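Q: Handing you this structure, nothing more for now.
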């Protein structure tokens, strides 16, 4: 049983307010074909609203699964969203 948390991102003037990494095709994570965060905008939207930092893994956004495709398609998953978009992330706890 892993922990599950939601991350809200506001579509402010900067957009999502962060960056994503794709494991499929354009593998950014050393050993993972999912999505991971790579950059956060200083309290832009994802950082301030989402409170997410480089190292978190996205397992879904709102109702879209951007955790089984390349970094590019994942971007489409985020951009396709609206004002506030919530992401679902789970932290791996070692016992």
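Q: Kindly provide the set of residues from the stretch 13-54 that are in contact with a helix residue (DSSP H, G or I) (Cβ under 7 Å, 6 or more places away or on another chain), in contact (Cβ under 8 Å) with a residue 24 or more places away in the chain and surrounded by 14 or more Cβ atoms within 10 Å (Cβ to Cβ), ordered by number.
A: Result: 16, 17, 18, 20, 21, 22, 28, 35, 41, 52.
Q: Given the conditions (1) surrounded by fewer than 16 Cβ atoms within 10 Å (Cβ to Cβ); (2) touching a helix residue (DSSP H, G or I) at 6+ places or on another chain (Cβ under 8 Å); (3) in contact (Cβ under 8 Å) with a residue 24 or more places away in the chain, and given that residue 10 satisfies all but one, which numbered condition is not satisfied?
A: The failed condition is (1).
Note: ideal-geometry Cβ built from the backbone for every residue, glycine included; neighbour counts use all protein chains shown. Each reported figure results from applying straightforward, stated rules to the coordinates on display, with no laboratory input.
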